[PDB]
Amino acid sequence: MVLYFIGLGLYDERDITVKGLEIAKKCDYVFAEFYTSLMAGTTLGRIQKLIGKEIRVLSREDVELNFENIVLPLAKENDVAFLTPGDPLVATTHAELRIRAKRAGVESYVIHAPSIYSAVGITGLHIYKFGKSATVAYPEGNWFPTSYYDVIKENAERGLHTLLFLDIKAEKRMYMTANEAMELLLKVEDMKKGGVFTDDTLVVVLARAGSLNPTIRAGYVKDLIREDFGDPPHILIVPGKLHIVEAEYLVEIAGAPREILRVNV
C-alpha cells in the first residue's frame, strides 16, 4: 500500500543513504530505472547485492507510459521501491509520478540522496550563484538545438553560474564528454557571434562527482578543449564573474591558471 521513491545518489552503490537502504530492504518489490542517468561507479549486480533483493529494471517507456500498470498495481498490496540515480524527483518528469500514485490510491514517500545539483558545490562555486540550468544536446539531422547557449548568456549577464548537463544515450550507453560539449559550444558561438562562449571563456569540468577521486578542472577553453578529464559522466559549468574566494578555490583545488585571479574576478 506504499510506494517509496528512493534515490541511489551519485556514483556507486554506497551513495544511497542508510535510510534509503534500510527501507529498500523491507520492500516486497524493487524497481529501478537507469535512463535518466547511469551509475558509472557500480553495476546493477552490485546494487542488487547491497540491497539483497532482485531489482527489476524499467525503461523510459515502461515508466512514462505504463507506470500505473507495472509499479502501482503491486504497490497496492505491498511495500514497493522505485530506485533512481541521484535524488528522486530531480528528473523533470518524475514528480508527476507521485500524482499517478495518488490517483491510484497509493501512498508515496520520498527518500532523498545526493544530487549533482548540490554536489557541484565541490567545484568551490557558491551554490546561490547558480542560475537557470540546461542540457547540451547533440545536433541531429536538420535539428541544431542551441537554447543552452542562450541560458549561459542570460545567466552570465547577471553574474550567475550555468550548470550544463551533457547528453547521454542510456541504452546506447554513450556519454557526451566535456570536450565535445566545448566543441559544440564553440560552434554555436560561430553561428550566433554573441560573444558568450569562446577560446578565452573560463570553464569548470566536474567528472565522477560522488567518487572519492573526482576530477575537478578549471581553465580557459583553449587549454581544456583537448584535455583528458577521465571517464564519464562529465558535467560542464560556465561560471559568471567570480567572488575572490571562488577564484582561490579553483586555483588551489582545481588547478586553475593564476590568471583567473585578475581576469575573471
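Counting begins at 1, following the sequence as shown.
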May I ask you to compare 169 to 177 and 72 to 80 by their mean CA B factor in the entry and name the higher one? 169 to 177
Quick check on the record: does 120 to 128 or 182 to 190 carry the larger mean Cα temperature factor? 182 to 190
Looking at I51, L202, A209, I237, which one carries the largest C-alpha B-factor according to the PDB entry? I51
For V106, return the chain-relative third of its C-alpha B-factor as stated in the PDB record: lowest, middle or highest. highest
What third of the chain does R14 rank in for C-alpha temperature factor, lowest, middle or highest? lowest
For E96, does the deposited CA B-factor place it in the lowest, middle or highest third of the chain? middle
How does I47 rank on Cα B-factor within its chain, lowest, middle or highest third? lowest
Looking at the temperature factor on the CA atom of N142, which third of the chain's modelled residues does it land in? highest
